[PDB]
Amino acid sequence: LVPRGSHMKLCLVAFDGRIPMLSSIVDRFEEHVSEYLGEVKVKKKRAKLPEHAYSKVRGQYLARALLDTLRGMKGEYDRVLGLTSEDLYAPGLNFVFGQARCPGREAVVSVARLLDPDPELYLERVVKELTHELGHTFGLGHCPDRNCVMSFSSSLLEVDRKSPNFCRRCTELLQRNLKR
């Protein structure tokens, strides 16, 4: 008898089979974001990388193309978040850790640059960037608070410095945007 719409349906989509600790990522991300979204129902899926979006010179995929791929996926999900071990970029950036529709349904994170031998560090990074991109899907922009997960990170240093949590302001924004 769960109140209709009280369970956000998240789809975590693995774009390849080389994502380290995928199951831990999904478990941790699910637990983590539940603080903000409530108990979330996660579903794991696969998707094919869009080869047209692969830059052979860069050895990277255009993140937006992965979002388009996610957008094209069947299923009723409130959010579809992709993970890949392939490196991503966006036009005019050397790389991105991820990208999201802002706001919108899809986000994608690459673990390619988040890899670390330390599993806890790695998992925290992936959870952070998934949470960051998830924030964007809820219309959150970048947060000036460098400890906020919505802080824009363009390096590991920056990912590692910020918390996986939304700051006071972003939590309020996110709940405000969730109210809808």
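We number the residues from 1 along the sequence you see.
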| query | finding |
| --- | --- |
| Of 89-97 and 72-80, the one with larger mean CA B-factor | 72-80 |
| Higher-scoring stretch by recorded Cα B factor average, 161-169 or 19-27 | 161-169 |
| Options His32, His132, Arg46, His52 - largest CA temperature factor per the record | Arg46 |
| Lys128, C-alpha B-factor rank within chain (lowest, middle or highest third) | lowest |
| Ranked against its chain, the third holding the CA B-factor of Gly141 | highest |
| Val42 CA temperature factor, ranked by third within the chain | highest |
| B-factor third for the C-alpha atom of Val149 within its chain | middle |
